[PDB]
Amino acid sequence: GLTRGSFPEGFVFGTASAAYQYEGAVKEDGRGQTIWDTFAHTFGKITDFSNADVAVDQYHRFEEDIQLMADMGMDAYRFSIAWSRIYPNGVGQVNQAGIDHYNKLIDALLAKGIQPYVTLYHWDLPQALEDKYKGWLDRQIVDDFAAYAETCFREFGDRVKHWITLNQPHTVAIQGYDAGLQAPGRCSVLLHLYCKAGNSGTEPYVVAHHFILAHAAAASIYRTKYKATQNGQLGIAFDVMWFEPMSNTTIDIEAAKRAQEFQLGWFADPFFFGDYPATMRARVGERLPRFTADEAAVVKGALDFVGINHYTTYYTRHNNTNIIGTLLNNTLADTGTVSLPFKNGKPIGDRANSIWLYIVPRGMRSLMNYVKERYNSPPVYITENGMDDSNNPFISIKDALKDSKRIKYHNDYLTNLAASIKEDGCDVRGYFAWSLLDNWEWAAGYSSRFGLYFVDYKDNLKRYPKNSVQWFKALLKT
């Protein structure tokens, strides 16, 4: 089967995590409140009434967790820095204890021969910026994020050589500002009554625009002041479902392409070509911001690599609607498509625990080829890929460890990835499994177990290896 030999020399294997989902210690060492602290402590927002105040306590347990990575022979660990641990109020006074913590984490990883791949922003905006100017909705976020990024480059970039500025800006724009299912939970209240404020037709495009500009501002700083002496690289992690046409007809083929342009192209077309996709300009019109000439010049080419967070593939059909007033405008209607994991009464594949996560290994290879062809073969890392078990209190821990479905998922998606590189010529440089440990899965709380290690929430967060731990250890053998 698969071995390191199935991938290019030097191909990087790792696991991925995110600060708010893993760290806990939410009030420790001067940490500022974030929009997710506020959101997880608001009624109705988290399905199982939980929060990540303690999470899996990686803030105190990182050395134990690093040994768990080393036990499998991982090359790398993707983690995020909590902005509010560095600047508790977003800007202003730096929190030395935050710098000190992440230095300890980085040094502990390197002491075990594990390379740090660091995400600057994994959704945990300091609440002080949300309060001051509504965070990503205001242009001020661009300069504030860039200053925060600069502090990280300055403090950590002598050791950190792979930076991911932003995690899934598409997810944040849609879930935070169209559906209102993730922090800050804004949307058109006429579409979804649970939201307090927002506009599903306009706010997602503003937020996305500011993410793109924020990346380019940090990248400009990195390139001008840090990159020559640090010799590192910067990218972004895009959430990308693969889309297949719901029928092999010209109208549904164009629909799947359009759905992809509204998902990945929304962000990637600016970074490679200096403007949004034409289809978005045509359909979103004046609700889609325009780059200035000077902005386009800083935005185009601002990525060193493309991070791809990929789980699943849906079918996409053309959709005709031409009335939502303005009052019901939303991003899905804007696409002119509907995407679903069902065709002619049949699901596209087996499903993991998450209701959205269909197991479709071929989509990994199809997406690698799409990125290669559309964007002229940029370097790509799979910055997130994996699947979840339920959190099932009616079975024993021993039965919860038998994650044969996860093994087959990683086997099949990795086989497809290996082929995209070897047969198709895709420039993929590494792969990061979501996730090292079971953790707090945003609005799903503790109901979803994505970990290679099982976490016993009822026994002081004890970590147990699922079967997939041995499978990865065997894969990564030298």
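Residue positions are given as counts along the sequence shown, with the first one as 1.
For the two regions 319-327 and 295-303, the entry's Cα B-factors average higher over 319-327. Mean C-alpha B-factor is higher over 341-349 than over the other stretch, the pair under comparison being 239-247 and 341-349. In the PDB entry, the Cα temperature factor peaks, among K402, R365, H209, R85, at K402. The PDB entry gives the largest Cα B-factor of the residues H170, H122, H310, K225 to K225. Per the deposited record, the Cα B-factor of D438 falls in the lowest third when ranked against the other modelled residues of its chain. Among the modelled residues of the chain, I355 sits in the highest third by CA temperature factor in this PDB entry. Remark: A16 belongs to the lowest third of its chain, ranked by C-alpha B-factor as recorded. Ranked by C-alpha B-factor against the other modelled residues of its chain, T202 falls in the middle third. Per the PDB record, residue ranking by Cα B-factor puts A268 in the middle third of the chain.
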